[PDB]
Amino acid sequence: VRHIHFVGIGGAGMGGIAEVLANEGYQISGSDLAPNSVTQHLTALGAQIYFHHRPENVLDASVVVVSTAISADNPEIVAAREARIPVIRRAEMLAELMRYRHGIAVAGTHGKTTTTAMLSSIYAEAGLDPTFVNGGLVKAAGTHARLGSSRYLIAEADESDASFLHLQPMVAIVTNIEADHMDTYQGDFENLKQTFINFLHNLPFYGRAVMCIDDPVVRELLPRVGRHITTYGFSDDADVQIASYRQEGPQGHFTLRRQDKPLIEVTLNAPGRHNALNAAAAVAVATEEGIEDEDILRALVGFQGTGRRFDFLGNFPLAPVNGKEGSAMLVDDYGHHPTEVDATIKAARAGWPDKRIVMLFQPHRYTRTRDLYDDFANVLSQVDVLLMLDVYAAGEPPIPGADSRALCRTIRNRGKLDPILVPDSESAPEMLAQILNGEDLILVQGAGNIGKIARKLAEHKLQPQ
């Protein structure tokens, strides 16, 4: 194999893979409508990137890799089949990187990316220079992915469209399994659970599963997993148990109980009980591998996190923003499921009890807003000040009653918060600027467009332009 071409090379997922393959010496080609930092970096490494989707782009390719976001109509794909050039999905290419490596695949509905980042830090510190492919930018490395010199591959495993079923790992983690909607058809959620079981059965017989016993669905699935399992959680029956948890600012402090080890004291550079869970998963894997406690503890105290995961972008003075004294703290989170938003709020609340929580939220998709409406209203009602942008459609047509204004009505009608509707993405900075007080903790929360707003708020220090 010589020339790999990626349709949608600019997105997360595709970019990391392309970068690892470039460093291994393969010829790399790609396409994307929106050039970004990832596409520039790929061009720096020798890849040829096109900012359009045309059939000429697939010429001489040994294989064409496609993300699930591309439509079957894409001329690159069409042109590929015409030429009888194999076309595979992102996940099949990730599977090939894992083929001759000691794969550690991290799955779950929430926490996958963070847990993958925590494992990568531990293995790097232990001098095991791992190859890794993560769904978020690993801040310690400045990238989503890196080629390592060892046989290890640490990677996030995506359950969407059962992509993770192509992976053949040696170790697999399941952080939790939660529905993001009610069953459209009888057995919808049961089907999803079965794919996780099928994923774990991709482990060889001598392989290992690390599962969160605190998650009700994961606990219920244990008996059906015919593989060696190591459980973790605050639960009393956990193989790796968290206890004496307390949060101090951005840091978590707790003990971990493991078999044939005395209690260890951990200081984690990430906030919240949910990050303690993610860390426990990582430590469980690290311990079965034989990594020393000093390497583990140093990795966790120094953890640098991932882009857009409770990402502190700065404390900025308000005088030039709205003429008030003091400063405001800017935190960026991509969390989009009500569980994710709630965990972020809890971390901010527990970490900085005296700060006022100001959230700028952008719901992602009408289907999801409609499906988890009640949960969004309950979770969003917990902040002190709420600003809401219009639902990020992600290609979907609107659903009446499942929009930001409706959600704002439901929350306001409870008589505690008076949410602020932000009619524009361009108006967000001004409307935020106007209500900021000293000692505010701002959560720019959401998976779509809001990511750019966060970046710009940081670049301009909260000053409207």
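Note that residue numbering begins at 1 and tracks the sequence as displayed.
Set 402-410 against 29-37 and average the Cα temperature factors; 29-37 ends up higher. Stretch comparison (67-75 versus 268-276) by mean CA B-factor in the PDB entry places 67-75 on top. By the numbers in the PDB entry, the CA B factor is greatest at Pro223 among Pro363, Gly111, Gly323, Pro223.
Across the residues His166, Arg101, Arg227, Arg84, the deposited record lists the maximum Cα B factor for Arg84.
Annotation for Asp215: C-alpha temperature factor in the middle third relative to the rest of the modelled chain, per the entry. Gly305: CA B factor lies in the middle third for its chain, per the PDB record. In the PDB entry, a CA B factor belonging to the highest third of its chain's modelled residues is recorded for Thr184. In this PDB entry, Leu263 carries a Cα temperature factor that places it within the highest third of its chain's modelled residues. Remark: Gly446 belongs to the lowest third of its chain, ranked by C-alpha B-factor as recorded.
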